[PDB]
Amino acid sequence: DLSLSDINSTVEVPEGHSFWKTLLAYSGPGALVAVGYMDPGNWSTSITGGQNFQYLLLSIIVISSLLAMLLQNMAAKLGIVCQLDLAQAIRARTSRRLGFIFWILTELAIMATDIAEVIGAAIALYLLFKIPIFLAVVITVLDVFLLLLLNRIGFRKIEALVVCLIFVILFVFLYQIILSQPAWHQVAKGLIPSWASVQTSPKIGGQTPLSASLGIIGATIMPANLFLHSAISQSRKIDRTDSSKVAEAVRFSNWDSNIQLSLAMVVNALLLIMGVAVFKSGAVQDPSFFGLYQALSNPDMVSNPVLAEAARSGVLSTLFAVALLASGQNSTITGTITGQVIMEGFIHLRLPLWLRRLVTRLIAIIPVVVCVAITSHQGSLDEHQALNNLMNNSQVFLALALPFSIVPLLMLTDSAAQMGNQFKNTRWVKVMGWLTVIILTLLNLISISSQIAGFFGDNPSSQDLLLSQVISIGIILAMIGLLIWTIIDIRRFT
């Protein structure tokens, strides 16, 4: 009846004021959440953002990360104080049909992330081991056994294995930056919140600073990782009777989460400066993983003789594909954990980790093998580009499931009927939190129409455009109705 019954309140190791060892104990949840923010689903969009705007967008990254650190922390609080996840809170404060709508929506979000991870991992196999594109996918389907071995390890070593992947993809991209020797002064100048990123005048590669910036801000959080954080934050036993120990617990999970999401921010920065210093200006014409592989393997694309010799040897591209693999392993862990959370929390369905990863991976790979089937039927022409367009079109479910995850979180944590007058949010995080939630909801409701119109490709059929407008209006209005309904129920609780 409690979230993550297998590992809930497992190891509590606060030992007086020995703070840093205590920090070493529970440092896992923050890493498990942060590794999701390093998925390849936006890698290109960083590199592109670097080529179109050298170091300019870095600040935006920071801001985004900060916002992601805010809401995530809030989720952790809801897990630490209430001893229950966000899905159990929402489902407890609303009917079953709304918990079922939220269930299918979040299932579609983690399914989209899973599509990104299976595409990036399969392509990673096509690049490293030269496995055929169709075989690499059905090889990625075999991650259920890696989940079986994953199940016997334990969170003290699982949550450190996630750290291992994090520093794998962090040192892979940091190594290619170390060889690049970039002008770190311009990097520092880019990290400052300037007003050149909010303008619309450069328009390089069909992208203005305000468009790229608002895109980075819009994709700030992932809805599944909020439920994830609220569930894994409970894995540390708390008496819930000593205010100093629960306040300490909040400081604990906060410093952990910021320590890891800061690493994710560093990875995004390494991708932007990867697009600025490593690649030449405008050398990246194919945002696909294969386009970045050959672009990292062509000496004329880099801007340094050392990177030309190393690229001719073929080490940059291979490291890139290794990073693709290490990123593609995340959805096997966090996808199953979060899927269990939303499942047994929203619809009260107890399912094992076997059929979970089976069903999610199959539903994820169906459109992938359909895309590879059509493109390989066209002669393997534009197959990687179509895989990239599938990966980017999948991300609409995140925008569909975002407000129903950030609004109920902010409401339930701001109310004293869930946190109490002692552990509710400060008047500071009330303003910052409501501002961020409004901005993200507006931006994603804007993104719905753009992605739905993007489903029809770059060929604008005049009759299909109006249909995309009708479908977009219907979807955003339906999300408005669901949003005001959830607002009404939660505010009836408070």
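Under the PDB entry, the name given to the protein chain is Divalent metal cation transporter MntH, and the source organism is Eremococcus coleocola ACS-139-V-Col8. A UniProt comment under Function (unreviewed entry) is attached to the protein chain, and it reads "H(+)-stimulated, divalent metal cation uptake system." What the UniProt record of the protein chain gives under Sequence similarities (unreviewed entry) is the line "Belongs to the NRAMP family."

J.: Can you lay out helix α3 (residues 43–52) for me, pointing to particular residues and giving the numbers?
T.: Among the ten residues in α3, eight count as buried, and that is most of the element. Looking only at α3, the buried set comprises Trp43, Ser44, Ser46, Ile47, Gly49, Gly50, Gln51 and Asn52. Against the buried residues of α3 lie α9 (155–180), α13 (243–278), α14 (289–296) and α16 (316–328).

J.: Could you give an account of the environment of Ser262, with specific residues and numbers?
T.: Tracing the backbone through its elements, the reader meets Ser262 in helix α13. For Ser262, a relative accessible area of 27% translates into the label partly exposed. In the structure, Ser262 is positioned 228 residues away from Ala34 in sequence and 8.4 Å away in space, judged by C-alpha atoms. A polar contact is formed between the side chain of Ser262 and the backbone oxygen of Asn258, at a distance of 2.4 Å.

J.: Go over the nonpolar core, please, and point to the residues and values.
T.: Core analysis: the biggest nonpolar cluster contains 155 residues, and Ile119, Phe173, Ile221, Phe346, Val368 and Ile406 have the highest contact counts within it. The element best represented in this core is α13, accounting for 17 residues.

J.: Any chance you could break down the environment of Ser95 for me, citing the residues and the numbers?
T.: Along the chain, the position of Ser95 falls in the loop between α5 (86–92) and α6 (96–128). C-alpha separation for the pair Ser95 and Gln199, spaced 104 residues apart in sequence, amounts to 44 Å.

J.: For the packing of aromatic side chains, give the residues involved together with the corresponding values.
T.: Here the structure, examined in full by the defined rule, presents eleven aromatic pairs. Ring geometry for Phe173 against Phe320: centres 6.0 Å apart, planes inclined by 45 degrees, an arrangement best described as tilted. Of this pair, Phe173 sits in helix α9 while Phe320 is found in helix α16, placing the two residues 147 residues apart along the sequence. There is no split in this pair, since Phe173 and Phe320 are both buried. Relative to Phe346, the ring of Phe227 lies with its centre 5.6 Å away and its plane at 65 degrees, an arrangement referred to as edge-to-face. Taken together, the residues span a long stretch of sequence, with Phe227 in helix α12 (residues 223–232) and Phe346 in helix α17 (residues 330–347) at a distance of 119 residues. By relative accessible area, which is 1% here, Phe227 ends up buried.

J.: Please give an account of unusual backbone geometry that cites residues and values.
T.: Positioned with a positive phi, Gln83 is a non-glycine residue whose angle comes to about 55 degrees. With a phi close to 55 degrees, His348 is a non-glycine residue in the positive phi region. Considering the arrangement of structural elements, one finds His348 in the loop between α17 and α18 (353–377).

J.: Give me the lowdown on a nonpolar patch on the surface, citing residues and values where you can.
T.: A surface patch of nonpolar side chains, about 750 Å² in accessible area, is lined by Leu142, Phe145, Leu148, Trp354, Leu355, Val359, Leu362 and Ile363. Among the secondary structure elements, those contributing two or more residues to the nonpolar patch are α8 (143–151) and α18. Examined against the element boundaries, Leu142 turns out to sit in the loop between α7 (133–140) and α8.

J.: Give a description of the pattern of salt bridges that names residues and reports values.
T.: Within this structure, the stated rule accounts for ten salt bridges. Its salt-bridge partner being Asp143, residue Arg361 comes within 3.1 Å of it at the nearest N-O pair. Pair noted here: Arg361 is in helix α18 and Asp143 is in helix α8, with a separation of 218 residues, a long-range link. Residue classification places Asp143 among the buried positions, given a relative accessible area of 6%. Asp242 serves as the salt-bridge partner of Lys245, at 3.0 Å between the closest nitrogen and oxygen. Take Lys245: its relative accessible area is 40%, and that puts it in the partly exposed class. The exposure class assigned to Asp242 is partly exposed, which follows from its relative accessible area of 29%.

J.: How would you explain the side chain of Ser3 if you had to name every residue and give the values?
T.: Of note, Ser3 is situated in the segment before α1 (19–25). Overall, the relative accessible area of 1% leaves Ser3 in the buried class. A polar side-chain atom of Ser3 sits 2.7 Å from a polar atom in the side chain of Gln234.

Cut-offs and rules
- Residues numbered from 1 in each chain as written, not as in the entry; some residues may be left out.
- Heavy atoms only, no water.
- UniProt positions renumbered as here; feature names shortened; annotations may be inferred.
- Buried < 20%, exposed > 50% of the residue type's maximum accessible area, 1.4 Å probe, protein only.
- Helix = DSSP H or I, 4+ residues; strand = E, 2+ residues; numbered from the N terminus.
- Contact = heavy atoms within 4.5 Å.
- Polar contact = N/O pair within 3.5 Å; in protein donor to acceptor, adjacent residues only side chain to side chain.
- Core = buried A, V, L, I, M, F, W, Y, C linked by side-chain atoms within 4.5 Å.
- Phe/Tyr/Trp six-rings, centres within 6.5 Å; stacked < 30°, edge-to-face > 60°.
- Patch = residues over 30% accessible without salt bridge, like charges linked within 9 Å, V, L, I, M, F, W, Y side chains within 5 Å.
- Areas by Shrake-Rupley, 256 points an atom, 1.4 Å probe, with all protein chains shown as cover.
- Salt bridge = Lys/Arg side-chain N within 4 Å of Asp/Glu carboxyl O.

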